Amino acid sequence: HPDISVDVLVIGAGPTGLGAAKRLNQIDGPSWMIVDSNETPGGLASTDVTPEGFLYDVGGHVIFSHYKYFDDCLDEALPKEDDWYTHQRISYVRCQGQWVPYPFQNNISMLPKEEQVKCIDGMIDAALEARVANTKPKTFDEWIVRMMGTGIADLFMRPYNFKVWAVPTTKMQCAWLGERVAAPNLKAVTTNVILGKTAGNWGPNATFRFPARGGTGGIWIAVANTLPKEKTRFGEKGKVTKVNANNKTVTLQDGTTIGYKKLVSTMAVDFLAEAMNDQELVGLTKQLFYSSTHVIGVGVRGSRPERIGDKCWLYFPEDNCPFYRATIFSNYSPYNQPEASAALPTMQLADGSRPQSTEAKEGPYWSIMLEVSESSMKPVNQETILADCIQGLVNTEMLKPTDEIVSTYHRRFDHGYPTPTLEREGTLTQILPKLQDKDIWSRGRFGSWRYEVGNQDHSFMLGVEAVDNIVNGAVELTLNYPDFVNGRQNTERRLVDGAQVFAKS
């Protein structure tokens, strides 16, 4: 007999676990509890703060929701209008000294005419091939070329994607991209070239909302706060060290044992295999591939520069900087950095020099958040990456050499991106059903390892749907059919369903 027994045990209190917990709490049938090794819930959707008062998410986090249920829970958690700021989804690609509006191909009018020719010629070849194609592309790289042609591929998507995924495009599958035909809109691209037109894919009806305070992490603290505390176990007291799948028992770091009938596990599935002492599963999970993420944060003195303006996130295919993406984090909330009246000494200039003066000066302040990927195919020198990033900011004209840096941040996250390699699906089909047969629902960004359903809303719903499968025999649509859930508005499932309305009568 174990110290604790519940119907459904949830491991992990990032978005996926909290999703499971919210649905269990709403259903209010089977007993349950949720554990996490961290005292603060949120996982990779948490937020750090520097000693100088600059917040950083785990890299650029922008919410786009495909589900009403996720909306209900965020609304419940942060119900006030001033809990949120709304922004247009404004992004550019840095290329040859220019900020090119995303998506890159509709905007090549900004490049020299000789580059436009190369790009259009390439897209003409792709259009003519697509006209007679009768096989689907097999790799990300094939998909990219067929869609963009060679010239456009080489300027952006090819080099950018290696900088993000930390594996060559030729090593990745292309199903995760969805089911749209791999072929150019030659006319649209050419029409904008001819008219000398630029056009971003944002506007009044393409926005996101971002929490007013606490960064992205503020959301998950607040969602977790709506749960009954006695059913949570967050911190050292909730760290899982052993999972005995045959006994349906979990052991915590402090020796506590928890018996379950069903397990929803949201920790990285390779960690789960180890915790299970299951050598066959360990072997299989070791076949999966992932990249690590270095988040670098830079706090800067001054009112926001005109060159920066209302930019949100930015892409960097070029090799004059180590990061693949920069976020103007100070544009997301004025509470992501200190007030103007806060006094801070200059730590260094962007050119790397350090002033002798220790004088604390006032703001205002703005803030840049950078991401650098790492894998066994792309090493990162942790000791110089901060200074390399800062030099990169100078090379891309984001910072002037004389800009005053008042805060810095660097953190490496081991499991950053689950990689859609060619082998991923073959391996997952040997892993997930095996766990399933042991009444283990492994789900989440690393729980089930599928980037195309790896955002905050997807993750949350992987937990919600897992519980719905366990209790109500629901289909796990997000897990098995990402194109299905991503291609529609999912409005049917709500924080208050008919079951609760009828029961309250």
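Numbering starts at 1 and runs along the sequence shown.
On average the C-alpha atoms of 302-310 have higher B-factors than those of the other stretch, with 302-310 and 365-373 being the two compared.
For the pair 356-364 and 315-323, the record assigns the higher mean C-alpha temperature factor to 356-364. Listed residues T169, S109, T150, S291 were ranked by CA B-factor as deposited; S109 comes out on top. When the C-alpha B-factors of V250, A387, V100, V406 are ranked from the entry, the top spot goes to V250. Ranked by Cα temperature factor within the chain, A199 sits in the highest third according to the deposited record. For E465, the recorded CA temperature factor ranks within the lowest third of the chain's modelled residues. Among the modelled residues of the chain, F70 sits in the middle third by CA temperature factor in this PDB entry. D270: CA B factor in the lowest third of modelled residues in this chain (values from the PDB entry). Among all modelled residues in this chain, the alpha-carbon of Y335 has a temperature factor (C-alpha) in the middle third.
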